[PDB]
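Each of two forms of one protein chain follows alone as structure tokens, named structure 1 and structure 2.
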Structure 1
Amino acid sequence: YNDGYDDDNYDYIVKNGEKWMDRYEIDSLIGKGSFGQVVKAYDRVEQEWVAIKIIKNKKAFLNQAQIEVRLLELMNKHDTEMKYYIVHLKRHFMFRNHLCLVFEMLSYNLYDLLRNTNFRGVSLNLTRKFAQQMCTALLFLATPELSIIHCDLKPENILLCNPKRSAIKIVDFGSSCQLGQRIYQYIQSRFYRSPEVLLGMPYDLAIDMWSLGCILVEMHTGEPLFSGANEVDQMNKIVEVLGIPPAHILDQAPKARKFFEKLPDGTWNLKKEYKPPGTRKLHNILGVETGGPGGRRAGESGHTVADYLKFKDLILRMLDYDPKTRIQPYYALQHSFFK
């Protein structure tokens, strides 16, 4: 293990108080993920805490992180005032056989926020703040010179900047790509995976908007909207809410028959118990008329029927099966939900 320094998962074994390169004092592990670890460090030179993503000493992670660095640096050539809600990569270096990405220090991810609500959700008002930021972030990523598809939006990859404000940033561009790259497939985290990707179809930046629609519902209900145990269960759970996808899409989907078959009348239906297609209404998931998710927002300011109907509309537009008509970031931002 790399001159001593690695565990059996090819992680750097953090030693609290270690100094690196006469510059960073490692304080502690913040958290682990697939890619490796994020540690809290003090940068003596800039005099600030930084979150150092220490990539596993494994080629696949190293290579993914090099793609991440490239995309972050590209995003940086634009967002120098850090306006657009993407985590700032300060610098990167190889250290003891681990690629290290030095980020600004942020705070809890939105999953952990949901965990602190006991998976019962945050307010629609907070949901709206997250939504507005996330739509602005997507707006940014879709700037032509970037055209970046995050490809793994989920609550864990959206972080509070700090524990007392509603400001957030997107993290983790390990799985990201630019438009026209199509080599990736079975991409996105399953709960947040777009129909086009489930269907093995060409995809674009609209996949991120699908993920966001899923995320926003979850932020408010506390629970994943579409919590499939596998792709088939995923598509089924999607269909429960949204109905059979448009025929014009299914006729074009290489993986149509993973999920669907044509009936003798030439129409598409599921292969296989679930609520029948389109019968699990978002109207009811959100509790539009019944005091919000599980009735728990009954009375609360900012949780009116009118508010929920606006939120539902926005969400349904994000969860358009058709990536061509799925609401784009700009128009999402103009939605009545945000007035």
Structure 2
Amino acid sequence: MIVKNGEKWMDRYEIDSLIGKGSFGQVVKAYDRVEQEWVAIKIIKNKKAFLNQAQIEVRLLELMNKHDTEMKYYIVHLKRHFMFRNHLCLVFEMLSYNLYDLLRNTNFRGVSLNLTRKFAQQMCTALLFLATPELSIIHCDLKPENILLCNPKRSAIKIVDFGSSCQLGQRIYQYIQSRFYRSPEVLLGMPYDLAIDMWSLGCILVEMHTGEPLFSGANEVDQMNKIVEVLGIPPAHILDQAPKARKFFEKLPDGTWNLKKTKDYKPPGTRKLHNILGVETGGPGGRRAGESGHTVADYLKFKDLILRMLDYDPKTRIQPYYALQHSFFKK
């Protein structure tokens, strides 16, 4: 759909400019003459596949809207939706630029542990809200691009893009999440729950501080090999139940598992998060040496929290309420 600047819709919206495009369609900046404010309008493609998935997005955003709690305000606000020219249109508040843009602006050197902490607290609060029993919403595509600043002057953030999201027990696709942020249970083809978003968050927070993705797999096999470098071979009790385990691993006589080797990775569990973060060595690439708020003790709390987020076992992986009580967040 070609949307000209100055185009007026329904004696209400004046289209200004293109913010973004996705597989789903496009996001435009528009002036709402009724509320007298600028808004973001997500315009879905006029194809059944994109319409039907955006209808789930509208349902989940409206479900969240009717849950007024102090935990709901880290999610982008859907103001309303309408059909126009056979396109479903979702109207949101305006937000600012995304956390990938923030990282690009650091030259991929990362933000401070103090700003990482502020982002972590907001995102853990959002995940606590989505875990409300009557919502039980799995975002399914958390990544820096889907986390937006509320204001370019400030460090408040909101999650956007519920285009992949589903309630617990309403799973459609086995192949979900962006690869760098994909949980082991999804790589392994297992039934997933809200814990896959906590995995993603763990990955995101390390990247926000280092500047680089923690696990930048070129395909699923490379992804799982990059996870095993840092965390070791997944536990047997997980691999024993995993449809896709033999995509990556081999089982032996004594019920133990090992990596499937291909043509010539660091040995399992030897690429230590301790060294990626530079806990004892001045932070990532030693670039935080002597900076305030980047002490070994600060780093050890961060490292502990991340390793709880990167638990292989989705049943024992830290949950949002308990992540909010972690020492990383204590003054």
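When a residue number appears, read it as a position in the sequence of structure 1, where counting begins at 1. Take the two forms, find the largest set of C-alpha atoms that superpose within 1.5 Å, and that set is the rigid core. Shifts are known only where both forms have a C-alpha.
J.: Please find the residue from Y84, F191, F103, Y111 showing a Cα shift of 2 angstroms or more between structures 1 and 2, rigid core superposed.
T.: The one that shifts is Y84.
J.: Once the two forms are fit on the core, has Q181 moved its CA by at least 2 Å between structures 1 and 2?
T.: Passes the 2 Å threshold, so yes.
J.: Align on the rigid core first; then say whether the Cα of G266 has moved by at least 2 Å between structures 1 and 2.
T.: Indeed, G266 is displaced by 2 Å or more.
J.: After superposition on the rigid core, what is the displacement of the C-alpha atom of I168 between structures 1 and 2, in Å?
T.: Its C-alpha position differs by 0.4 Å.
J.: Given the rigid core as reference frame, how large is the C-alpha shift of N57 between structures 1 and 2? Answer in angstrom.
T.: For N57, the C-alpha ends up 1.7 Å from its position in the other form.
J.: For residues common to both forms, which consecutive runs of 3 or more show C-alpha displacement of 2 Å or more between structures 1 and 2 upon rigid core superposition, listed in sequence order?
T.: Only these runs move by 2 Å or more: 79-84, 181-183, 263-266.
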